[PDB]
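>>> fold the following for me, if possible:
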Amino acid sequence: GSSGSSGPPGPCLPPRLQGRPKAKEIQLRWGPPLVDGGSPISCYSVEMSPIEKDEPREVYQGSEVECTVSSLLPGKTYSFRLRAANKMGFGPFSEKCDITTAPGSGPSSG
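Residues are numbered from 1 along each chain as shown. Take a look at the structure below.
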């Protein structure tokens, strides 16, 4: 029994830093939201921003729930967010999760 009308997905959850972060890169792993606005999600969007300065910019966008950010600074924190989109549109971002990159280290493997 329909209630009203479909729409964008609710506030998704914050991405969980996958494995271990890097100097200028970081891995994340999130999942599908509970409230898809009634419609089956289509694509997600991760907007990262340097806690230091409010400069949010879509760093990832696809159908997967796990990606790897790059072009960042080591020993520095970065507020990441998450948002899902459906046939209706994009919804609100998730809780800004602050993640501190690596202090800069590692062997020479290529």
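>>> all contacts plus neighbour counts: C-alpha atoms, from now on.
OK.
>>> tell me the bridge partners for the spatially most central residue of the chain.
By C-alpha atoms, centre = their mean, the chain has its centre lying nearest to residue 46, at 3.3 Å. With DSSP bridges as the criterion, residue 46 is bridged to residue 60.
>>> contacts only, for it.
58, 59, 60, 61, 80, 81, 82, 83 (C-alpha atoms under 8 Å, 6 or more residues apart in numbering).
>>> tally up the residues packed near the residue lying closest to residue 49 once chain neighbours are set aside, please.
Spatial nearest neighbour of residue 49, excluding adjacent residues (C-alpha to C-alpha, 6 or more residues apart in numbering): residue 56 at 4.3 Å. Applying other C-alpha atoms under 10 Å, we find 16 residues neighbouring residue 56.
>>> rewinding a little: buried subset of the contacts of residue 46 as a ChimeraX selection?
In ChimeraX syntax, the buried subset of the contacts of residue 46 is picked out as below (16 or more other C-alpha atoms under 10 Å):
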select :59,60,61,80,81,82,83
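>>> among the contacts of residue 46, which two are most distant?
Pairwise distances across those peak at 13.3 Å for 61 and 80 (criterion: C-alpha to C-alpha).
>>> which stretches of the protein form strands?
16-17, 25-29, 43-49, 57-62, 66-70, 77-80, 83-85, 97-100 (DSSP state E).
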